[PDB]
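First comes one chain, alone, set out as structure tokens in the form deposited in one PDB entry.
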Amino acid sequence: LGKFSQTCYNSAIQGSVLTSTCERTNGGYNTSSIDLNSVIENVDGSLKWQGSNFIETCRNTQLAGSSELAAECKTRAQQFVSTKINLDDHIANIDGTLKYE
């Protein structure tokens, strides 16, 4: 996966945003940016790639009561355990629309 740097140049980081000028298949170049805030996290002072979608390592997702997400998730030891999270923690009703905050 990845390896952009092999076919790009003039890469720069400002805040969480990477910008680079990258070679297109047909020759010629394009400049683009990617915001890394959604995919990199700080874990106890170390930059980590954010977990892969929880759907890939959890199964049997259900609404428990009015606001809890329940699932069976794989531990690092590769066994499934019961877990839940209160979606009221961060999911709001903003004028009729569900929004993360």
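Residues that one form lacks are left out of the comparison. In case it trips you up, residue 1 is the first one in the sequence shown, and so on. We call the rigid core whatever largest set of C-alpha positions still superposes within 1.5 Å between the two forms.
Just so it is clear, the following notes concern the form deposited in another entry, a form of the same protein that is not shown.
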Which residue moves between this form and the one not shown, judged by a Cα shift of 2 Å or more on the rigid core: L47, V39, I55, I34?
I55
After a core superposition, would you say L18 shifts its C-alpha by at least 2 Å between this form and the one not shown?
no
Do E41 and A77 move together or apart in the other form, judged by C-alpha distance changing 3 Å or more?
closer
In the other form, do the Cα atoms of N42 and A92 sit closer or farther apart than here, given a shift of 3 Å or more?
farther
Provide the ranges, sorted by sequence, of consecutive runs with at least 3 residues in which each Cα shifts 2 Å or more between this form and the one not shown, based on a superposition on the core.
1-3, 52-57, 60-101
